[PDB]
Number of protein chains: 4
Amino acid sequence: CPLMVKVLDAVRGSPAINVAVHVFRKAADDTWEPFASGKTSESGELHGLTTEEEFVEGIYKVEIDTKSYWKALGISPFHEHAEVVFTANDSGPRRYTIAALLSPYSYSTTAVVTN
Amino acid sequence: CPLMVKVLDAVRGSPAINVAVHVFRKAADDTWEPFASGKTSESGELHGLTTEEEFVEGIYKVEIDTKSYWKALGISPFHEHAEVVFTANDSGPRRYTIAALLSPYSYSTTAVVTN
Amino acid sequence: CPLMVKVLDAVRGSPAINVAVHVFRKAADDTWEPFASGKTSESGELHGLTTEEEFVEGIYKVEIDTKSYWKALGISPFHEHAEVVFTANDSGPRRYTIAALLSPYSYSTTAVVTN
Amino acid sequence: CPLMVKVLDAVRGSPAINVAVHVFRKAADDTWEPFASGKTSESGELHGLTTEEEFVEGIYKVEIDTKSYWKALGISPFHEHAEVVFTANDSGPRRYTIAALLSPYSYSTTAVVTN
Ligand SMILES: O=C(O)c1cc(-c2ccc(F)cc2F)ccc1O
Ligand SMILES: O=C(O)c1cc(-c2ccc(F)cc2F)ccc1O
Ligand SMILES: [Ca+2]
Ligand SMILES: [Ca+2]
Ligand SMILES: [Ca+2]
Ligand SMILES: [Ca+2]
């Protein structure tokens with residue numbers, strides 16, 4: 001699968017499980033159309049978001065519902081969500097992993113692009 | 001100064017200078033109203049975005065134009081921008097520092113909220 | 001395997017491959033004795049460092065040779081290495097993943113502890 | 001002030017106050033000589049560690065006592081400390097800011113080097 005998401009919890013030192021993730025693609029009219037979504041597994045990973053045929057070049061937005069994650073744990077969060085926006089460009093075979101590390105008042109995200 | 005933004009460059013180990021920052025506020029009709037904008041200084045800091053009177057309760061979006069930053073350095077970056085979304089002043093006025101650390105394929109953001 | 005290391009490159013958006021990793025355990029005389037070592041694979045992962053029988057409770061040090069990594073890429077690094085020091089404590093079945101995200105002037109590390 | 005340290009708490013979104021910081025310098029006999037130490041202030045900043053005259057070229061180690069910080073907050077953290085090791089002033093005197101962002105199972109560190 002060409003697009004995978006991984007979410008970690010920096011407070012409990014664990015995968016962030018059951019985190020809702022929504023993927024949008026930028027449309028011609030510059031609005032965000034829903035493209036794919038899911039929830040992270042017990043490993044904190046979300047697989048099977050899309051397929052190679054559907055994942056074309058374009059501008060994508062990945063919204064991670066961090067606020068619901070923290071509220072389910074009884075921990076007070078700062079952000080409404082974590083939003084990752086990027087251009088996917090074919091430059092040879094590419095697989096994208098979007099990884100996020102979450103704290104109540106901070107998040108880090110990084111992209112791992114492999115052949 | 002109720003809202004301040006600080007941006008660092010993890011590649012060169014320096015302040016990220018002249019980074020454009022745009023602040024939006026969610027309006028009654030659920031759209032993003034432009035609220036304030038500016039550029040980081042030579043210290044990587046952006047002061048004077050707003051005032052105590054203007055910075056009311058609401059949902060705010062801080063969009064840091066990381067892509068233009070890297071491209072001005074001749075680097076093709078992964079993200080379009082770094083976007084921080086949060087509810088402000090829900091329990092009275094606070095002072096918010098939004099700090100961002102930038103790499104071409106990664107960023108971290110953190111919030112410092114003081115009374 | 002009870003202890004795994006994963007290293008990512010925030011500049012190129014990729015696994016950090018062929019990164020030397022050394023594990024030390026704190027000895028009775030408070031000196032660091034060599035315990036295990038290896039190099040990250042093409043996925044940026046180092047498996048097979050130790051076994052369940054050998055990985056007892058104690059204070060461990062994980063040294064990641066970030067400086068050699070950056071020098072092999074022709075990129076100017078700040079740190080001599082990335083060093084992660086922690087106490088491993090049996091509290092039920094535990095597997096430890098030490099993950100590191102590298103930039104020339106910054107690194108992040110996090111621990112993922114799972115059952 | 002050639003060497004400054006700043007520490008933030010990613011859980012509470014605040015400066016990490018009263019964090020002990022110890023600086024060592026690698027000696028001729030390849031041991032770590034104690035060089036300077038202090039505690040972060042109410043702003044999370046530690047100033048006045050050393051002087052321009054005392055901060056000569058060398059390999060330095062900044063050990064941030066994160067464990068005592070979390071334990072004073074009643075939290076059992078993963079790391080013993082956060083340790084930053086770097087060669088300083090190799091091409092003349094520089095000003096170094098060592099910034100650290102803390103979570104119970106994670107930390108990030110970054111260096112800001114200015115002339
Ligand atoms: O920016 C982040 O979200 C991040 C992600 C990782 C990470 C990435 C991929 C993976 F398979 C495991 C990880 F811990 C490791 C460190 C890190 O800061
Ligand atoms: O998440 C981030 O954006 C981040 C921020 C800092 C940091 C905090 C305070 C400061 F004055 C400068 C900084 F880089 C240090 C590390 C880091 O990952
Ligand atoms: Ca193209
Ligand atoms: Ca209110
Ligand atoms: Ca025990
Ligand atoms: Ca010299």
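The figures here come from the full heavy-atom set of this structure, side chains too, leaving out hydrogens, waters and symmetry mates. Note that ligands are numbered from 1 as they come in the structure, with each ligand's atoms numbered from 1 the same way. Lettering follows sequence order; numbering is per chain, from 1.
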(request) If you have a sec, read the angle at the Ca ion (ligand 4) from B/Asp90 atom OD1 over to B/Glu57 atom OE1, to 10 degrees. (result) 80°
(message) To check your reading of the model: name the closest protein heavy atom to atom 10 (C) of ligand 1, its residue, and the distance in Å.
(response) A/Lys6 NZ, 3.3 Å
(request) Below 4.0 angstrom from a heavy atom of A/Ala100, which ligand 1 atoms are there? Numbered from 1 as shown, please. (result) 3 (O)
(message) Is the distance between the ring centroids of A/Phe35 and A/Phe24 under 6.0 Å?
(response) no
(request) Would you mind reporting whether C/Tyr107 and D/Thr109 have side-chain heavy atoms less than 4.5 Å apart? (result) yes
(message) Suppose we call two aromatic rings close when their centres sit under 6.0 Å apart. Are D/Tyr96 and D/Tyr60 close by that rule?
(response) no
(message) Residue-level breakdown please: for A/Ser108 versus ligand 1, do any non-hydrogen atoms fall below 4.0 Å on the side chain, on the backbone, on both, or on neither?
(response) both
(request) Determine whether the side chains of B/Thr87 and B/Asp90 contain a donor N or O and an acceptor N or O closer than 3.5 Å. (result) no
(request) For atom 4 (C) of ligand 1, find the nearest protein heavy atom and state the residue, atom name and distance (0.1 Å precision). (result) A/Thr110 CG2, 4.1 Å
(message) Can you name the atoms of ligand 1, numbered from 1 with element, that are less than 4.0 Å from a heavy atom of A/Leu101?
(response) 2 (C), 3 (O), 18 (O)
(message) Ignoring hydrogens and geometry beyond distance, is a side-chain donor-acceptor pair present between B/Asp9 and C/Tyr105 at under 3.5 Å?
(response) no
(message) Within the 3.5 Å criterion, strictly below it, is a donor on C/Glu45 or C/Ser41 matched to an acceptor on the partner's side chain?
(response) no
(request) With heavy atoms of A/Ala99 as the reference, note each atom of ligand 1 found under 4.0 Å away. (result) 2 (C), 3 (O), 5 (C), 8 (C)
(message) Taking the basic N atoms (NZ, or NE/NH1/NH2) and the acidic carboxylate oxygens, is any pair closer than 4.0 Å for A/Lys61 and A/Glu83?
(response) yes
(request) Between A/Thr109 and ligand 1, find which residue part has any heavy-atom pair under 4.0 Å and reply side chain, backbone, both or neither. (result) backbone
(request) Report the part of C/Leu8 (side chain from C-beta onward, or backbone N, CA, C, O) that has a heavy atom under 4.0 Å from ligand 1; answer both or neither where that applies. (result) side chain
